[PDB]
């Protein structure tokens, strides 16, 4: 596996650590080796290695934002940002665990967890109005049109005729979405990437991980993720508390939310994660 094939480099970065004790998260461009206090991004290709200098820069910009929580801090030297290519990138590991929706059935838990999502999203939103953040992050145009193309090209071949018809319904509204580039947008803000410390009392937001898809874009993408994971009522509490419950925002969220499983399937398809592809394609084959 990746751990085996990269034992020598890992023995340097994590000296004395048994590499069989590590785990790996699959990414589009890099494989991520998870240690106790840090993670190591390993480029899967020469292209992937040439993107790490900019990823270093991006993670440094994120580590400077006021989000009310932690992010993976780059553990390289600043001069790694000026390199053509890096063979690895080490990041601090955000502690904590994902939150089961079950907890949100107690309504004080729900209020306190919604309030902390709002601080995060509000911080991401204001960072997106900042010209220096804007300059350091990607901001693709026409992403919804192109995403629809990418689904049709990469996922439809894996779908039943019924699945394809359902996907077409969901991809329908995408061409009419306004193309909003106003917030820092995590882009994969499912519950597994938002980590909590729940030992001492009510759930407290430790931090956020997996920023591979980060951009300047539409805040509705991140709220859609939340809604996809936690359902209507919890989403409505976040929108109320954040001041985002208007009809325009809510309609964009509904449109994006209906594509969210397809987003997960498209990512799993490009990063080789078989289980995540099977999950994402639930009901489309």
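Just so we're on the same page, rigid core means the largest C-alpha set that superposes within 1.5 Å between forms. Numbering follows the first chain given and starts at 1.
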| property | result |
| --- | --- |
| Stretch departing more from the displayed form, 40-48 or 24-32, Cα RMS in 7 other deposited structures of this protein (core fit) | 24-32 |
| Of 211-219 and 198-206, which departs more from this form in 7 other deposited structures of this protein by CA RMS after core fitting | 198-206 |
| Gap at residue 83 across at least one third of the other PDB entries | yes |
| 25-33 versus 248-256 - greater average Cα B-factor per the deposited record | 25-33 |
| 169-177 versus 205-213 - greater average Cα B-factor per the deposited record | 169-177 |
| Per the PDB entry, maximal CA B factor within 44, 38, 55, 70 | 44 |
| Cα B factor band for residue 119 (lowest, middle or highest third within the chain) | lowest |
| Chain third (lowest, middle, highest) by recorded CA B-factor, residue given as residue 162 | highest |
| Residue 277 - Cα temperature factor, lowest/middle/highest third of chain | highest |
| B-factor third for the C-alpha atom of residue 74 within its chain | middle |
| Lowest, middle or highest third - CA B-factor, residue 51 | middle |
